[PDB]
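# I need the structure of the sequence given here:
(chains A, B, C, D, E, F, G and H, ligands or ions: 7)
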Amino acid sequence: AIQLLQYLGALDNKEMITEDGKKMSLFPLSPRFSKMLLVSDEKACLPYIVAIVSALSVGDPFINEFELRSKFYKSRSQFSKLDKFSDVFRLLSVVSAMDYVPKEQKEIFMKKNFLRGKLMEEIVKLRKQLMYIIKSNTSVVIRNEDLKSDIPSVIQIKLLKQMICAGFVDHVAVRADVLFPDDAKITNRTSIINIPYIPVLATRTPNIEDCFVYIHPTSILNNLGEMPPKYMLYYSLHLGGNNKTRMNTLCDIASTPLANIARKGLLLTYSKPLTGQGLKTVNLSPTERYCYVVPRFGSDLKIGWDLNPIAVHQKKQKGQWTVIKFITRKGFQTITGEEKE
Amino acid sequence: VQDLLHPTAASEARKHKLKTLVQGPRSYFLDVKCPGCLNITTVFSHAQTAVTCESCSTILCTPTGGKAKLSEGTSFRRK
Amino acid sequence: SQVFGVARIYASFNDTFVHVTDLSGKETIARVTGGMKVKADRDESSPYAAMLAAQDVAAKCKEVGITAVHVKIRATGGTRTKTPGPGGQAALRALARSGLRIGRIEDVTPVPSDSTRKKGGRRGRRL
Amino acid sequence: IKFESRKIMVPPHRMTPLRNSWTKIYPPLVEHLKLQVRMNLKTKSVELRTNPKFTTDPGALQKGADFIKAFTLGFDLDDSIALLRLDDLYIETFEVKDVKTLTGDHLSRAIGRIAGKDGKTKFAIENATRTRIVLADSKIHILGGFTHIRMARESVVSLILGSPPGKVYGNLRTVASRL
Amino acid sequence: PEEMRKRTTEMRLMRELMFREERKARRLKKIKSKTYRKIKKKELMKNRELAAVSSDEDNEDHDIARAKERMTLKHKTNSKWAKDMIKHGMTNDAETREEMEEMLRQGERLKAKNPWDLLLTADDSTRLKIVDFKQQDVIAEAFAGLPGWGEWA
RNA sequence: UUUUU
RNA sequence: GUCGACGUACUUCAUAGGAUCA
RNA sequence: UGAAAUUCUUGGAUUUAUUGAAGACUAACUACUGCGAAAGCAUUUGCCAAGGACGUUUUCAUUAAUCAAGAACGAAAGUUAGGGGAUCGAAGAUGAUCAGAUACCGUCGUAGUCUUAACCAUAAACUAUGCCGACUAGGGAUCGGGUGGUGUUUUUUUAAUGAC
Ligand SMILES: [Mg+2]
Ligand SMILES: [Mg+2]
Ligand SMILES: [Mg+2]
Ligand SMILES: [Mg+2]
Ligand SMILES: [Mg+2]
Ligand SMILES: [Mg+2]
Ligand SMILES: [Zn+2]
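Numbering: from 1, shown residues only, chains lettered A, B, ... in the order given. Ligands and ions are numbered 1, 2, ... in the order given. Coordinates below:
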C-alpha cells in the first residue's frame, strides 16, 4: 500500500504525505482514480476522466458473454469505435452515450445494449458528485446538461491514455516476445488470447513462464485481428480455469509517453549516453549537454525492461547528470546543426 | 566564393610566399642610421650576417631564426 | 611521560609480521608474526592472525614501558607488489584499538628505480 | 581516548568528487564516530581528529581514515561507507605489471578485458564475489571481505594473463553458486 | 576583472574534454576486429531503429533508389568480389556465405516495389487548482501512544 | 460472493 | 622396408538465404 | 600450497639497523607525443661528427624518379675466442602426485641473459596496405620553425628576453 502510494506520488520516499497526497484524500475515490482526476485539467479532458473514473469506481456496467450473439457484438461494435486498443474508452463510450439518451428511453437503451441498469444510474449519480466537488473547490449547482460532452479529439485520446497511465503506472505489461523471444515464440497462427505478457515489477521465478499473463477473453483485443500493442495497461489479474492468469486491459501506451509519465515516478532510470552515427552527445558546456539515453522501466529481483532511446537534455548537478527535459527528433537534429554553425 | 584571377589583398597577404598567384618575397630592405656617425647603411630584413657600419665598425643587426634583430638605439626606415 | 617506539609491519602474501623496536631500529622490543598465532599455515596471512599478533605485541610493549609507536608499514616490494596487504591493514587497526598511541603512519615499501627481472617469466605468474 | 590525528592526502583527480560528496561525508564522521573533520585546502589533505571529551570508540579514528582512504582510491561513497558500517572489510591493491609485463596495446587490451564491454565483466566479478573493484588505469583495487577479495583477485588475474572473458564468466557462476 | 579567470576555466574544461574523446577515439580506431565491429554495428542499428532517427522514405525516394539499382545492377553475383569468392570455393564456408547473402538480400530490398507526440506535462502548472490542520495534529498529539570545508567541524 | 464515504 | 622429404596426378568436407502458407 | 613436503632454522633462520661488494636496468614523469632508412632509442655532464623542418630578393642550373647487378645496417634466439656471471632462466635433476575456478605447483639451477672481436640474416620485421608527383571538403587539438598584436605574466628599477 505504501509502495503503490509512492508510485502514484501520494507519499514521498520518507512516507510523509505529499501535496498531491493531501489533494487526493479530498476525493471519495481510491488513490488510483484520484490521480486520474488530478491530471485531467489539460485541454478540457476533465469530463472524460470523470466519466472513466466513475465507471471504474462503480464496477463494469457491461454484461459478459459467459453470463449470457449478433445483437451483443452489435452493441459492442458501437462503443469500441473511439479506440481499438482500449477497454477504458469502451466504458467512456457507453457512459457519455447515455447522456444524449432522453430520460424516458434510458431503460430501453440499457436493455437494448446488455447494460446493467443499476450500475449506470450510480455512475450518473457519482459523476455529478465528482463534478460538484471539483467545481465547488476550484472556485455550485449541476444539471444533467452539465454531463453532456462531445467526442474527444485525436489529440485528447492520446492524452487520456497518458492520464490513465498516470494512475496505473505500476500495471504496465509488455509482450513477452519483446523481452525473451526464445521463451515466448509468437506465430501468426497464435490466438491473441494466448499471446503471453509480462507485468512490470513481476517477481522473477526460475521458470519465466510462471510470470506470464494472458489477455482476458472479454477484452476487445481478442477480436482485434492484428498483433496486440507492444505494451498494455491492466486493471487487475484473474486466475482463469486453466491456471492461466488473465489481465483486464485498460488501454495501450506507447514507449515515449510511458517514459514521460514514469519520469515523475520512481519507475524510470537512464542509461549512459549512446554513441554512434546520429547518436552523439552534443556538449553545450562543461555542465550541460544533449544526448540520447535508453530509459529502463521498472524499479535486480524483478522484471524491468528498457524502453526506446529518447533524446534528453542533461545538466550536471552536484557531480551527477540529471535529465531536465525530453527532446523531439527534430529538436535534437537542429541542436546538432546549431553547434556545427 | 572568390575569384582566382583577382584575389583579395588580405587573402594574398595571409598566404605563404610561394603559394600566391605570382610568388614574390615578403622581405624588404632598410636604411639603418648608425647612432654615432649618422650615416645610412642598407640592411636586409632577414640578414644572416652581423652587418657592421663600415666607418664605425658598429654592430647594426644580429642574425636570428627569421628577421634580423636591429641593435638598440639604431633608427631605421623602410627602403 | 610519553615514550615513542616504532612499529614495523611487514605484510607479505603468506604471512604478516609486527615488529616493535626503539626509535633507532637496532633494538627489538617484540616480534610476533601471523604464524605464531594460528594452527593452520593457510591462515597465517589471514587478518585474524594479524589481529592476534598485533594484540600480543601491544600487550608486551605496554609492559616494557612503550606507550606510543610510529607505524612504518611495508610490503615485500622490490620486483613484487608494492602495497601492503590486508594482513598489514588488520595489524594497523588492531594496534589502534589496543590504546597504544599511533604517532605517524608512512609507507616505506622498497620501490626500485628500475629492478632486475621478475620471477614469473614471459607468460606471467599467479594463475 | 587520547588526542590523535590522521592525515589523508587527496590526489587532484579526486578533489572535485570530494567536493560534491562532502555533504554526505562529514555527517557520518562527525555524528556516529564523533570525529573532528576538516580539509586543509593549503595541503589538500583531509584531517581527522579524536575529540577526547566526546569520542568514545578507540577504533573510530582509524575506521574513519580508512573510509576517507577508500573514497580517495576511487571507490564510490556508499561503498566506502561500508567501511564505517562494518569492521571486516579490507582493500587489496596490485598492478598489472605485477602479474605480467604488458606494454603498449597489450596493456590497453588487458585493461579493456578486465572492465569488459560496458563494464559488464567488472560487474560480473563484483556481484559473484561480493566485492567492489576500482580499475584505475593499470592499478587495480578490490574492496571486500578477506576471503572475497582473494576470489575476485584470481578472476582478475586470469583475465590479465590472457584468459578470455567468457570462460572467466562461467567460472564466476560456479563459485557464485558455492557462495 | 576576475571574470577573466572564469573564462580560462571554461576553456580549460572544454580542452580537457576534447582530449578525452580524442584518446577514446584513438583507441577504438586501432581495434579493427570483425567480431568487435560487428557487435557495435548491430547495436547501433537497433538504437537508430528503436529511436526512429532515420526519416521515412517517400514513394519518390524509393523509386529513385530502385531506378539506380536497376540501372547498375550492383548487388548481383557478377561483381568482382562476389565472382571472386564464388568461383574459388570460398563461399562454401559459412561466414563468407553470410556476407554474400547479406549483399543479395540488400539488393532485393531495393528491388521491392447521439454522436457516441504531444507529451502530457504533469508538472505543477497543469493542475486542477482546487481549494479545501495543525490543531488536528494537536488532536493527534493528545493521543500519544560546506561545513568543515576549511575549518574544524 | 459481498460492499463503501 | 606397408621408410622420410619433394614433384606430379587425383579424391573429399564445408550452400543455402528471404516471404507466404500448414 | 587447495592442504602438505622436499628447503633454512636455538651453531639464531625470517624480521630489524649501520655498512660494504658485484652485475644488470633506468620506475613514477611516460602520452599511438618526439627522433631515426628500418631494426630501434628514456639518469646527469662533456667531446665527436650527423640530421629533418623553418627563414633567406645567397649560390649551381636538370645535376632528377624508380631501380636487376652490387653494397651498408638488420629485434629476439643462435655459433666461434676472451671477460663477466647479481637477477631471471631453455636443458638436467628433485619434492608431491591428493583436490578441477585457483590443474601445473615448488626447490637447485647448466647454456643463455651482459660485454669485446667476428659469424648468422630470420619475425604477426604490420598500416596483414610499394616508391615519386598532381588534384579532391569543413573543424579544432598537438609537435618544430616563422610572421603579426600597440593581448596577460615575469624581469619586483625600467625594459629586452623567457612563459602564456
Ligand atoms: Mg618530447
Ligand atoms: Mg637543409
Ligand atoms: Mg652484413
Ligand atoms: Mg663465453
Ligand atoms: Mg616492431
Ligand atoms: Mg601521394
Ligand atoms: Zn658610427
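
# do you know how far residue B:69 is from residue B:76?
12 Å (CB to CB, to the nearest Å). C-beta: built from backbone N, CA, C; applies to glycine.

# typo on my end, it should be residue A:232
Applying CB to CB, the value for residue A:232 to residue B:76 is 88 Å.

# neighbours around the residue of the stretch 101-250 of chain A found nearest RNA strand H, how many?
Nearest residue of the stretch 101-250 of chain A to RNA strand H, counting by CB to the nearest atom of the strand: residue A:206, 22.2 Å away. The number of residues packed near residue A:206 is 5, by other CB atoms under 10 Å in any protein chain shown.

# Which helix or strand contains it?
Assessed by DSSP states H and E, residue A:206 sits outside every helix and strand.

# Could you list the residues of chain A in contact with chain D?
A:272, A:318-320 (CB under 8 Å from any CB of the partner chain).

# Residue A:232 and residue B:76: which is more packed in?
residue A:232 (25 against 17).

# Please identify the helix or strand for that one.
When elements are assigned from DSSP H and E, residue A:232 belongs to strand A:231-239.

# on contacts alone, who are the packing partners of that strand?
Where contact means 3 or more CB pairs under 8 Å, 6 or more residues apart in numbering or on different chains; DSSP states H and E, strand A:231-239 is packed against strand A:172-175, strand A:197-199, strand A:245-252.

# most packed of these?
The highest mean neighbour count among those, using mean count of other CB atoms under 10 Å in any protein chain shown, belongs to strand A:197-199: a mean of 23.

# re the thing from before, distance to RNA strand G for the helices and strands packed on strand A:231-239 - can I get that in a markdown table?
Listed next are those as a markdown table, based on distance: least, CB to the nearest atom of the strand, whole Å:
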| stretch | distance to RNA strand G |
| --- | --- |
| strand A:172-175 | 18 |
| strand A:197-199 | 22 |
| strand A:245-252 | 22 |
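
# so which of the ones you listed gets nearest residue A:112?
strand A:245-252 (24.8 Å; CB to CB).

# Residues touching the closest one, excluding its own?
Strand A:245-252 is contacted from outside by A:83, A:85-89, A:160-161, A:164-165, A:168, A:171, A:173, A:197, A:199, A:212-219, A:221, A:229, A:231-240, using CB atoms under 8 Å, 6 or more residues apart in numbering or on different chains.

# of the helices and strands packed on strand A:231-239, which approaches residue C:90 most closely?
Closest among these, using CB to CB: strand A:197-199, at 47.4 Å.

# which other helices and strands contact the closest one?
Using 3+ CB pairs under 8 Å, 6+ apart: strand A:197-199 touches strand A:172-175, helix A:176-179, strand A:231-239.

# which element follows it toward the C-terminus?
Next along the chain after strand A:197-199, with elements defined by DSSP H and E, is strand A:214-215.

# In its sheet, which strands sit next to that next one, and in what direction?
Counting by DSSP bridges, the strands paired with strand A:214-215 are strand A:245-252 (parallel).

# Helix, strand, or coil at the closest residue to ligand 7 within chain B?
Going by CB to the ion, ligand 7 is nearest to residue B:56 of chain B, at 2.6 Å. At residue B:56 the chain is in coil, as set by DSSP: H, G, I helix; E, B strand; the rest coil.

# before we move on, what about residue A:292?
Put simply, residue A:292 is strand when judged by three-state DSSP.

# list the contacts for the most centrally placed residue in chain B?
Among the residues of chain B, the one closest to the centroid is residue B:45, at 2.3 Å (CA atoms, centre = their mean). Neighbour list for residue B:45: B:27-30, B:67-68 [criterion: CB under 8 Å, 6+ apart].

# ok, now residue A:76?
Applying CB under 8 Å, 6+ apart, we find residue A:76 in contact with A:90, A:220.
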